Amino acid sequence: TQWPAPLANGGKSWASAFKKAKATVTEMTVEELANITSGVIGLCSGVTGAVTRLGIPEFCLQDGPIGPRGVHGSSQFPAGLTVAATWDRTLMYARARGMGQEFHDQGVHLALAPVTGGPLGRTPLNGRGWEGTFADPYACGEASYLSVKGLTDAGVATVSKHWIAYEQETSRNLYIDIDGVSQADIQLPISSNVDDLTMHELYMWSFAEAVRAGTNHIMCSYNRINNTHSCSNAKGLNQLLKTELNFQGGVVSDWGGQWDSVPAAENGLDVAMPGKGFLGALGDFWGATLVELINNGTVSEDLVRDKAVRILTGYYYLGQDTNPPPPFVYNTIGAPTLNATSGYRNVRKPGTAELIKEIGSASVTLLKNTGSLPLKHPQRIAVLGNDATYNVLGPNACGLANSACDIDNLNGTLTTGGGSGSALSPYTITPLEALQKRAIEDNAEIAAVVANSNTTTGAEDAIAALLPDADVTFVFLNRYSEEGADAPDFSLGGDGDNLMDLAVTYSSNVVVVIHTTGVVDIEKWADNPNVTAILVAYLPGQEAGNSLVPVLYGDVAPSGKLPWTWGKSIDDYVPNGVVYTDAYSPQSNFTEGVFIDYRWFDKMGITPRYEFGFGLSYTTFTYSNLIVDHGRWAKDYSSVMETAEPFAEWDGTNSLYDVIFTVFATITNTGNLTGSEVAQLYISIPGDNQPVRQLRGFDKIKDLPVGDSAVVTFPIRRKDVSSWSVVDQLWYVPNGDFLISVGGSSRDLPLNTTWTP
C-alpha cells in the first residue's frame, strides 16, 4: 500500500513483555500462528486457539463495557453513560477497577471494553450510545483513559472499541452467512466518509488516550470508512493507528467485522473473531485458510508473526502466564448454538454494591425543580410506571444480551440497555422498594400503579382515584434501546406518554424520573407547572432505587450534569445523523466536520432545552477569580505508552501532552445547603471554521458547605490548544487570541479571559 505495517516493538511499558512474546512467536510453526490469530469454540464471547506445544492457553475474550456479560455471581454496574454524568474521575476509575476485578475473577483474559469513542455521539438516536460516555472528545478521552487504566490495573487486558467513526447502528451490516442468506448479497456496511481534520480532532482523540493508557488491543468496527471496511482499511489501521498513534497492541475484529482474508491480513488486522464460534456464521476467513495463504506464498509469514507478537504482548505484560486467570465456567453463547453446561462462581466483593450505589447518587441529574425537591416528609405518596418496579418475568428474563423479551413486556426499571454491553443482575433494588422504605420511616402511606396504563383494565381509573390526594406523585419513565437498531425518534418507551398525560391531569406535584439510554422527548410536559421536578437517572445498574431516594429526600444534593445536549427536537441536531437507504453501498458523509452535539448547537445558534454540562443542585455556586498560571507547566511523565503524533513544536525531549499552563478559579457556595459542583472549562481556539467553544477541563468539588469557597484547577496540555494542519501533517498551536471560559455549564460561563501563545 501507500501505507505499510510497522512491526511492534513493545514501546514504553511493554518492552520486557514484547521480548517474551517475540521469543515465543519465533518458536511457532505456521499452523500455530494461525491458531492464535483466529477464534475457536468455547464458553466466552471469543476464544483464541491455544499453542499447546508451547504451553500457551486459550484466551477468553468476554463482553462487555459494564462488566462480564452472561455470567452469574457478578454485579450489574452502571453504564458508561451513567458514570460520565458523574463528571467524577475517581468514580470512572473505581468503576473500571471494580469491573476489572469481576472479569479477572470470572477467568477472563481480555475484556471487550471499554467503549472509547466509537460511537462517540454524532446522532442522539444511536441505539448503543449509552455504552460510551460523553458526546465530547475531550471528556470521552479522559473517561477512556481511566476506564482503560482501571481494567488493566486489575488482571485484565482491554480491547478498546470501536475503531472508528462507528456512528450509527442502521446498516452497520456485519458479515453473516446463515441459512443461505449472506449480508454480502444484500447491502454493504455504512461508509463513514470523514475528512482528515475531523478524523484527528474528533474521532481519534479518545483512542489516542486509550492508547496512552495503554489498551492492549483495539477492536475495529463494522462500518467502512471512505468505502473501505474498517477492519481492512490500511490508512486507518496501518498508518493512523499503528504509525501515528504508535499502537503496539493487537487489532481484533468486531464479530463479523472481517469481510475478506487477504486485505485484512495485509492492512492491519491481527485477530479474526469469532472464527469457529457462533457456528462460523460470521465468517471464518483465516484459520486453515490463513495457513494455506501463507504456505502458497500470497500472505507474508513475517507479517503474521507480527500479529502474534501483538496478541502475546498483552499476555506477558499482565502476567497471565505467572498468575493465570481461573477457569471461565459459564456458557455465555447459549444453547442451541453451544450445548455446554455452566458451573457457578460468586465474585461479588464487599464494597461493590456501595460503589454502584455511589455512582448512582453521583450521576442523577436534576433538570427542573420548581421547589418540590428535596422532599421533606410527605405523608401520602403515589408512584406511577412499570419503571418503578421489577421486570414481571425476572430481572434477567430478557436473556443473555437483555434483548429477548417481547416488544410489549413490562421490563421494569431500566438499569442497563440492550446488547453485547449489558450484564445480568443478581437483584434489582427498585425505586418503589426504596421509596416505600422511606415512606415507612415517616409513618407515611405509599401506593404504585405499575401496570400498562393503556392496556390493563382499570389502570386509568386506579390512577384517577389515587393521585388527587397524594402529596407528591413520582412518575418513572423509561426508554430502552439496543445494539443493532437506532431509536426512530425521541419518544418515551411503553406507555410513558400516556402516564404523563394522566399524571398532570390529576396531580399538581409530579416529580419525573427518567431511566434512559439517551435523550427523550418531554416537550409536551416539561413546561407544565404540574411537573415540579424532572431528574434523569440514565442506567444505574442493580442499585437503582437506593441510589435515587437519598437524593430525592435531601440526604445528598444532586450533582450529576448532562453528558450530551438535550435539544427540543431531533431536527436541531447534526443533519443526516442516521442514513436509511436500500442502496447496495450506503453512504454517510460527515460534512458537519467536528461540529457534533453541542458544537453543532453553538455554531448554528440553536438553543437546547438543556445544554451539555447542565445540572441543578439544591444550592447555587458563584464563580470568581479566574487565573491563568503561565508558570505552572510540567513534562508528561506518567502515561503508560506513547503515541508518535507529530507536532510543530517537537524537539528531542518534548511532548504533545506536556502541560503548558494551568488555570484556576474559585467557587463559592452561595445558596442554603451543602452541595457538590462540577466546574467546566471551555476554550475557543482561533482559526477558520472553529467551534465556538470546546471543553478542555472539568473538576468536581465535593460537599462544599454554605458560604465556603474552593479552588478548581485545570491543567492545559499542548494538545488541548492545538489544531491538526491537513497541509502539514501535524498538530500545531495556532496564533491568535484564545478565549478561556469557566463555569457550571456549556452556556453558563460567568468567567472569561484571553490567552495568546
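Heads up: residue numbers just count along the shown sequence, starting at 1.
Comparing 318-326 with 530-538, the higher mean C-alpha B-factor in the PDB entry belongs to 318-326. Between 294-302 and 222-230, it is 294-302 that carries the larger average Cα temperature factor according to the deposited entry. Of the residues listed, 88, 105, 497, 142, the entry assigns the biggest Cα temperature factor to 497. In this entry, the residue among 450, 364, 184, 681 with the greatest C-alpha B factor is 184.
Among the modelled residues of its chain, residue 431 has a C-alpha B-factor that falls in the lowest third, as given in the PDB entry. Residue 44 sits in the middle third of its chain by CA B factor, as recorded in the PDB entry. Placement of the Cα temperature factor of residue 126 within the chain: middle third of the modelled residues, per the deposited record.
Split the chain's modelled residues into thirds by C-alpha temperature factor. Residue 380 is in the middle one.
Residue-level temperature factors show residue 695 in the lowest third of its chain, judged at the C-alpha atom.
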